[PDB]
Amino acid sequence: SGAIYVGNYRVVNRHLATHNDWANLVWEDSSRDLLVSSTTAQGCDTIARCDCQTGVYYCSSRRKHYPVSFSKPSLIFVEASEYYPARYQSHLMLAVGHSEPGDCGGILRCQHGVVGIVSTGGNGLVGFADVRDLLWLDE
Ligand SMILES: Cn1nc(C(=O)NC2CC2)c2cc(F)ccc21
Ligand SMILES: [Zn+2]
């Protein structure tokens, strides 16, 4: 579980969004596993604006932050789950690292700020949904 809080926006995994989220929906892309909802209070996270391929992510299933190298955001085939059938997920970055389903929402961060959230994994890989192209999150 987990979210990004930037300005009056809340970014979550689409597959974990709540009632208030859909109600206050700003934007969602099923192919990216992303949903942005409006917030009352102002958030304090900074979104990275960069092409970094190294960073640190939070793994709730280890209570540990791991340094990782990750691929640039791309179209990647993701095995069927309880949330989606087998499909190409867009804007997805892979690293070698441990993850389990319930780690989704864990932040990936570089020196420039928030890069993305845990979205996919299995076979010793962890996938992260990029948010760095979502320029409107900053205004
Ligand atoms: C981080 N992580 N996410 C998922 C997942 O099913 N994500 C759905 C596409 C949303 C997963 C499955 C695993 F077996 C191991 C790790 C995982
Ligand atoms: Zn960066």
Side-chain angles (χ1 to χ4, degrees):
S1 79
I4 312 162
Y5 298 98
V6 55
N8 293 286
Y9 292 131
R10 159 176 144 104
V11 191
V12 276
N13 297 93
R14 188 174 181 290
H15 77 274
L16 296 176
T18 73
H19 182 113
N20 198 45
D21 297 323
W22 279 111
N24 288 282
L25 177 60
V26 176
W27 173 91
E28 59 82 13
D29 182 339
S30 186
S31 77
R32 292 180 71 146
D33 184 44
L34 286 186
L35 183 148
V36 178
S37 59
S38 61
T39 74
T40 43
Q42 166 102 192
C44 286
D45 299 333
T46 294
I47 306 303
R49 302 298 176 191
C50 71
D51 71 335
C52 283
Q53 273 192 260
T54 65
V56 175
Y57 80 101
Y58 180 60
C59 178
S60 80
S61 72
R62 291 289 181 272
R63 296 175 187 125
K64 217 200 198 302
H65 301 259
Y66 289 110
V68 284
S69 296
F70 52 87
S71 63
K72 292 189 165 167
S74 66
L75 203 64
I76 300 289
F77 199 67
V78 172
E79 278 269 308
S81 67
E82 67 163 301
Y83 308 100
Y84 305 99
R87 80 206 203 287
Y88 292 90
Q89 190 163 315
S90 68
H91 295 271
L92 185 70
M93 299 174 294
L94 296 190
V96 182
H98 174 68
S99 68
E100 297 164 26
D103 289 320
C104 284
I107 282 170
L108 173 68
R109 65 178 80 256
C110 66
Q111 63 180 113
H112 306 105
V114 174
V115 171
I117 51 167
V118 178
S119 180
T120 80
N123 297 343
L125 301 181
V126 49
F128 308 96
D130 186 57
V131 302
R132 298 179 287 183
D133 65 323
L134 304 181
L135 297 195
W136 50 268
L137 287 169
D138 302 335
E139 63 212 43

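Counting convention: from 1, in listed order, for ligands and their atoms alike. Along the sequence shown, residues are numbered consecutively beginning with 1. These values consider heavy atoms only, across backbone and side chains, with no hydrogens, waters or symmetry-generated copies.
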Taking non-hydrogen atoms only, is [X] closer than 4.0 angstrom to ligand 1 via side chain, backbone, both or neither?
X: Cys104; answer: side chain
X: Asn13; answer: neither
X: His15; answer: side chain

Is the ring pair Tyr66/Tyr57 parallel, tilted or perpendicular, if the boundaries are 30 and 60 degrees? tilted
Parallel under 30°, tilted from 30 to 60°, perpendicular over 60°: which one fits the rings of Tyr84 and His15?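 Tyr84 vs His15 ring planes: perpendicular.
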Atom indices of ligand 1, in the order listed, that fall short of 4.0 Å to a heavy atom of [X]:
X: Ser99; result: 1 (C), 15 (C), 16 (C)
X: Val118; result: 1 (C)
X: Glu100; result: 1 (C), 2 (N), 15 (C), 16 (C), 17 (C)

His112 atom (N/O/S) at minimal separation from the Zn ion (ligand 2):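 This turns out to be ND1.
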Look only at interatomic distance and state if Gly121 has a nitrogen or oxygen under 3.5 Å from any nitrogen or oxygen of ligand 1. yes
Can you measure from CG (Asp103) to CD1 (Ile117) and round to the nearest 0.5 angstrom? 12.5 Å
For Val126 and ligand 1, answer yes if some heavy atom of the residue is under 4.0 Å from a ligand atom, otherwise no.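 No; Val126 lies far enough from ligand 1 that no heavy-atom distance drops under 4.0 Å.
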Tell me whether ligand 1 is touched by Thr120 - counting only heavy atoms on the residue side and a distance under 4.0 Å. yes
What protein heavy atom sits nearest atom 6 (O) of ligand 1, and how far off is it? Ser81 CB, 3.7 Å
Identify the closest protein heavy atom to atom 5 (C) of ligand 1: which residue and atom is it, and at what distance? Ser119 O, 4.1 Å
Whether [X] side chain and [Y] backbone form a donor-acceptor pair below 3.5 Å:
X: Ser119; Y: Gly127; result: no
X: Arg10; Y: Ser38; result: no
X: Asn24; Y: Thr39; result: no

Among side-chain atoms of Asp21 and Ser37, is any donor-acceptor pair under 3.5 angstrom? yes
Just checking, any donor-acceptor pair under 3.5 angstrom between side chains of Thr120 and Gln89?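 Absent: no donor and acceptor within the cut-off.
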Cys110 atom SG and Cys50 atom SG as seen from the Zn ion (ligand 2), angle to 10 degrees: 110°
Can you confirm whether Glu100 is buried at CD, in the sense that more than 12 heavy atoms of other residues, nucleotides or ligands lie under 6.0 Å from that atom? yes
